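> sequence-free structure coming up:
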């Protein structure tokens, strides 16, 4: 129950010719950019509170340690968003983004809507390197602004570093995004009615994208509760290690798992995006 | 920011004299009963599908492996609920429940409402051993039935083994209980307006009770959105290892952490429940 | 018109050497296991509804009183299936099943198909005690699963306690099984074309097995409506008290009555199954 | 959950003014006619076979003892139908039928269709005593014959004594009428789509009318399987002793139980039929 | 595309594998770093690497582990090949007495598709050399002489070693069982 | 109620601790099973047990590890005290040459309150004994003789051993630093 590269290539091409394919890009898409972890950044900020860096990481997950800065030392949480903006969007990360085959193969296609969950600017900046125009959509003021219909709309699902009050990084902010009331969430509610999604750069043990995978399936079934049940467009999830139990769970959430070649992570994603063209 | 046994004893006693203390019992409360894990039970059922027991546990969490039985072999999921009912409610588990000081100290108090998340019958059966009456509340038909006002109402928050369609054990069932639409969830919505909660038998890395801890705080703040902000009753969470970061997070969720003595797990919980008397 | 033990022994042996003998086991086969009645169990559950146990039994048959729980208090019907699973499949019932000569003489033969109408697991568990493999067949998912040809297939004709939605115990469930549309019924439609049946453990006043005895004869006569009428294999019904009118009725339903010794019920059934060997 | 005489009188009157009420008359309707039992008649015919009359009744039910005459001595079964025709339709039974208030109150109403399950002619003969015309419908030749639209059609559901091959009295004949393939059964399949039924003269322990009560409900639910579920007309069952569990079962079979006065059986049925007028 | 993926971290174990199974189209190569269990028993270590490596790569994986067992040290190094190599490179030919030199070189493969593990074990009986002799090998190949020869593993060529080494008979068994 | 919790699994290490620090009201005792890291360096092992034991108990914990370092084996056993004790109980006095017998017994404590780890290390220079002599000790106390004496650790009493053993000087340092 797992597609290969050559099997999923005519399936993704049929969704793209009629304009109903939306990428949903994760943290693994920014892996060739050699960015800092963020868990390493939050551990070095804990030295001022008396923590050793290996000891502060012991007391919980990354969003839980950011919850601790949000309530006990709020000036260090704003310091964390500050030095991620210097690191994730540095000039060295732009130079790797010029030569990355993943970001070139993404920008070679005329997308209409691209979703991403990472905070850096390298999804839009890939489109600017190909001479294409992109529109960042993170806050309410971004949707209200005018733009052309030719411009690909890149919705920052968890905020952008140039709008620091849109960042979803504290644990309480992840819990209140489960109600789906943010402006990126309301845009997702209408796009799942018409489109198929291509999830790239996630793991099966994320537990945040798994709730989103569940909730998209529940909103598709709720949208056809009184009418006869019609068949929906299949979503897709590109993986390098699929496992043996998790692709069967994802199939009931309207998501087909694509096994990519695990020898070179960046090349096999680039061959997937070039087979759509 | 952590209470001890002697510091939390007058705080719990003040809530109990005016009838506003509700226990919220977890899987650690059934620890002295020597029950099977359930993850061991689901691994032995995977031998018929060709899995080694250590290899089937590798492919995900316990609720995710139960998702796999719900969609690929539904007769093995009903087999799992069957042999948990033979194991969790056996005659050997009742005999340990007679002599358990945790279950005796729980039943020595005249509670009005007891919440529990475990499937076994040993929360009500502790009350039956003390000569007291208990009312099991898991389904809609349980709430509709008549009972006296003297009877302590024990609400099974995740179902009961004698009503197998109320069991919340599949991963998709945990995700749809996050909307809080079940009859145990609707009872929780009204009890958080008036009562304080005593959480016993959980870990900080549960990620299901953490959403419940968040959502109770959000429903308290939403219930006083137009009126002036008044102070609510503090909830409590008894722990044997509190850590160093997690009790500060729990304090903003209206929950005070009680450090119990970690040398004997069962005795220190029993000294907590006897200090309320 | 009634066979004895020594007269029916070469008749049963001829059917068994060519693999065309299927046992059809009733509630009297689980008599040495000292199980609760079920009518006693449903009467004690009626105390919560205000019934005395001798008064609740007055208002109808056992399947009719279970109809009353299915429509007026559905949580007590699931309680009934729960506490039959604790009682019929207890460890005390397994220990009597080890030493029962009826269950040892059944498992000493290499059967291909065994039918049973009782809910407990002691027909398969007799085969597991002899070191033989058995396959439980109750639901559609059981037939779809893979198995070897050496394994004796034990079809639960009225469901199994580990699959509670397969239980045929409500009166309306007995009436809708008269249409013969269940997966155990469709397997019976093909096995009556080729096999002879050995009915053990029923009474003449059952009125449910009498419809099955009629309907098997009607399906044999319907299967040869256009071709010349050929002689079918005789079925058999082992009894301790045969009576005087009922064996003549059963002979026209292609069933020969075997009179067993009524002094010891369990021993005379065991001498019947050992004469087949 | 049981109607009285005055409560059910406007409910039966509303069904009768629009012509959608059909009586379904049982053996208790012929109770004031002082007819022989039939079980007494079949016991006296067993004297020629060497049976004492109290001993022949011991070996089974009445339809089972008639099965014994159908296969072992067929000339005594035709003798049984012969001497029921002399006894059930005698001149003494007609004289009691003239003065019976049950039969006068039945014939005072302009019915369109009357169903009955008893073999005697006293349902039509009540209509002939009131100067009204009746059409007996038992066999295929009866339906093919011509008649006027004013004539009340009395369908003999189990045959008539003047057409002895239509008699449903052998046990095998009761089992093959459960498939509903007789011409009285095919007429019942169309009348349940439009009409409400008034069952008079049955007991709750009949086990033949209970299958008919189940199967009518199943054919109503099957007739609206694709369309939206609409509310059907309620059927009625007049009883002198209703009990406490059986009226709740009958309510789910679209049948409301009417408690009549048990002091005088014949008078309370006559007050029911006169309240319809 | 491959079906089985051999996971290794040593750079010379990879070069010997690809000399034998390099032409097979259905064997891939991964270098995921997994946490090495340490134990003396080779059967225990190789059976625990297959769980630890399947968790890392989540594809059908093949792992490998070696063992040297000296009778003078009563079964040590055993499958503890990492902590002795980080302490006694080839000075291990000195720390054991010069009277009794016999030892056994052992190797083990384990392939895991996710449902079940299968362990292959070969073994070569030999005796430890008085001084380190040779360059062409890995981890103890200069100080191990098989029974029959006068020549160490690292003094041999690559074709000569794989006709004596335990890892040479394993790779021929791995070809025929997995159909590589 | 205690403040610091000593976590141990050996039943005889606990009996020697409670002979010294048993009267202290602010030291508790836990027996949580934690996964032992294996390495030769004692400083590496004891610093990694404190993370692994704080994750298990989540209270301010004190852990302990020992090391035997023989010059004939070039620093081995080191902090690998579990895999050699499961293979050479006291036959380890035989597998090393009889000319050079010198060795060093080392011990280490590490206490971790959650924010920072503090490591205490003592050390005793001695020499391994020709044969196992004595009953009263644990893990190598019959075959270790300190410098100065003719008598092993297991031949000594409990008060005599804790005036020579590394774990005796550590428990006096642990009393004064934690204020036990």
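Received the coordinates, thanks. Residues are numbered from 1 along each chain as shown, chains lettered A, B, ... in the order given.
> which stretches of the chain form strands?
Picked chain A for this. Using DSSP state E, the strands of chain A run over residues A:21-25, A:113-116, A:134-137, A:152-156, A:196-200, A:235-239, A:255-259.
> that answer is for a different chain, and I need it for chain E
According to DSSP E, the strands that chain E contains are E:4-7, E:27-30, E:61-70, E:77-78, E:102-112, E:117-128, E:144-146.
> gap between residue E:126 and residue E:143?
From residue E:126 across to residue E:143, the span is 10 Å (C-beta to C-beta, to the nearest Å). In short, each C-beta sits where N, CA and C put it, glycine included.
> Those two - which one has more neighbours?
For residue E:126 versus residue E:143, neighbours defined as other C-beta atoms under 10 Å in any protein chain shown are more numerous around residue E:143 (25 against 20).
> and that one, what are its phi and psi?
Main-chain torsions, residue E:143, degrees, to the nearest 10: phi -110, psi 10.
> Skip the chain neighbours and tell me the closest residue to the closest residue to chain A within chain E.
Using C-beta to the nearest C-beta, the single residue of chain E nearest to chain A is residue E:58, 2.8 Å away. Distances taken as C-beta to C-beta, 6 or more residues apart in numbering or on different chains place residue A:241 nearest to residue E:58, at 2.8 Å, with adjacent residues excluded.
> now swap in residue E:5 and tell me
Sequence neighbours aside, residue E:28 is the residue nearest to residue E:5 in space, at 4.4 Å (criterion: C-beta to C-beta, 6+ apart).
> Hmm, the one you found is touching residue E:2, no?
Yes. When contacts are counted by C-beta atoms under 8 Å, residue E:28 is listed as touching residue E:2 (3.4 Å).
> between the two, who's got more neighbours?
Taking neighbours as other C-beta under 10 Å, residue E:28 and residue E:2 compare with residue E:28 leading, 21 against 18.
> what's the spacing between the more buried one and residue A:258?
From residue E:28 across to residue A:258, the span is 17 Å (C-beta to C-beta).
> for residue A:9, same thing?
For residue A:9, the distance to residue A:258 (C-beta to C-beta) stands at 9 Å.
> Now list whatever residues contact both of those two.
residue A:272 (C-beta atoms under 8 Å, 6 or more residues apart in numbering or on different chains).
> quick one: which of these two has more around it?
residue A:258 (26 against 17).
> what bridges to the more buried one?
Beta-bridge pairing of residue A:258 under DSSP bridges involves residue A:3, residue A:238.
> who touches it in this structure?
Contact partners of residue A:258, counting by C-beta under 8 Å, 6+ apart, are A:2-5, A:8, A:236-239, A:272.
> from these, which single one is nearest chain F?
Chain F lies nearest to residue A:239 out of those, by C-beta to the nearest C-beta, at 29.6 Å.
> Just list the residues touching that closest one, thanks.
Per C-beta under 8 Å, 6+ apart, neighbours of residue A:239: A:204, A:257-260.
> residues in contact with the residue nearest the centre of chain E?
For chain E, residue E:66 is the residue whose C-alpha lies nearest the centre (C-alpha atoms, centre = their mean; 3.3 Å). With C-beta under 8 Å, 6+ apart as the criterion, the residues that contact residue E:66 are E:42, E:79, E:81, E:105-108, E:139, E:166-167.
> Need the residues you listed in a markdown table (columns: neighbour count and distance to chain C).
Converted to a markdown table, these look like this (neighbours: other C-beta atoms under 10 Å in any protein chain shown; distance: C-beta to the nearest C-beta, whole Å):
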| residue | neighbour count | distance to chain C |
| --- | --- | --- |
| E:42 | 22 | 35 |
| E:79 | 25 | 38 |
| E:81 | 19 | 43 |
| E:105 | 23 | 42 |
| E:106 | 21 | 37 |
| E:107 | 22 | 36 |
| E:108 | 24 | 32 |
| E:139 | 20 | 46 |
| E:166 | 21 | 37 |
| E:167 | 22 | 38 |
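> which non-adjacent residue is nearest residue A:89?
In space, and not counting its chain neighbours, residue A:89 is closest to residue A:121: 5.2 Å by C-beta to C-beta, 6+ apart.
> what about the one you found, neighbour count?
22.
> cool, the one 5 residues further on as well?
Residues near residue A:126, counting by other C-beta under 10 Å, number 24.
> ok, so what distance separates it from residue A:237?
Noted for residue A:126: a distance of 21 Å to residue A:237, by C-beta to C-beta.
> and the residue nearest to residue A:237 when sequence neighbours are not counted, what does it touch?
With sequence-adjacent residues excluded and distances taken as C-beta to C-beta, 6+ apart, residue A:237 is closest to residue A:199, at 4.2 Å. Counting by C-beta under 8 Å, 6+ apart, residue A:199 touches A:24, A:26, A:209, A:213, A:235-238, A:255.
> circling back to that earlier point, and the strands of chain A: which comes nearest residue C:162?
Nearest to residue C:162, of all those, is strand A:255-259, at 31.6 Å by C-beta to C-beta.
> Report the angle between the closest one and strand A:235-239.
30 degrees (axes from the mean of the first three to the mean of the last three C-alpha atoms, to 10 degrees).
> quick one: strand A:255-259 to strand A:196-200, angle?
Using the same axes, to 10 degrees, strand A:255-259 lies at 40 degrees relative to strand A:196-200.
> so how far is strand A:255-259 off the chain centroid?
16 Å (C-alpha atoms, centre = their mean, to the nearest Å).
> how near is residue E:51 to chain F?
From residue E:51 across to chain F, the span is 14 Å (C-beta to the nearest C-beta, to the nearest Å).
> Just give me the neighbour total for the residue lying closest to residue A:34 once chain neighbours are set aside.
Nearest non-adjacent residue to residue A:34, counting by C-beta to C-beta, 6+ apart: residue A:96, 6.2 Å away. Neighbourhood size, residue A:96 [other C-beta under 10 Å]: 16.
> Residue A:96 reaches residue A:32, doesn't it?
Yes. In this structure, residue A:96 is within contact of residue A:32 by C-beta under 8 Å, at 6.3 Å.
> Output the contacts of residue A:258 in JSON lines; the columns should cover distance to residue F:70.
Shown next, in JSON lines, are those (distance: C-beta to C-beta, whole Å):
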{"residue": "A:2", "distance to residue F:70": "54"}
{"residue": "A:3", "distance to residue F:70": "59"}
{"residue": "A:4", "distance to residue F:70": "56"}
{"residue": "A:5", "distance to residue F:70": "57"}
{"residue": "A:8", "distance to residue F:70": "60"}
{"residue": "A:236", "distance to residue F:70": "60"}
{"residue": "A:237", "distance to residue F:70": "55"}
{"residue": "A:238", "distance to residue F:70": "55"}
{"residue": "A:239", "distance to residue F:70": "50"}
{"residue": "A:272", "distance to residue F:70": "57"}
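> Just the buried ones from the residues you listed?
A:2-3, A:5, A:8, A:236-239, A:272 (16 or more other C-beta atoms under 10 Å in any protein chain shown).
> what does the stretch 151-277 of chain A put close to chain E?
The stretch 151-277 of chain A has residues A:240-244, A:261-263 near chain E, with proximity defined as C-beta under 8 Å from any C-beta of the partner chain.
> Try it again at 10 Å.
With C-beta under 10 Å from any C-beta of the partner chain as the criterion, the stretch 151-277 of chain A meets chain E at residues A:203-204, A:239-246, A:259-263, A:268.
> dump the residue contacts of residue A:106.
A:23, A:25, A:29, A:100, A:114, A:122-123, A:126-127, A:130, A:200, A:269-270, A:273-274, A:276 (C-beta atoms under 10 Å, 6 or more residues apart in numbering or on different chains).
> swap the cut-off to 7 Å and go again
Residue A:106 is in contact with A:126, A:273, counting by C-beta atoms under 7 Å, 6 or more residues apart in numbering or on different chains.
> close enough to count as contact, residue E:113 and residue E:61?
No. Taking contacts as C-beta atoms under 7 Å, residue E:113 lies outside contact range of residue E:61: 8.4 Å.
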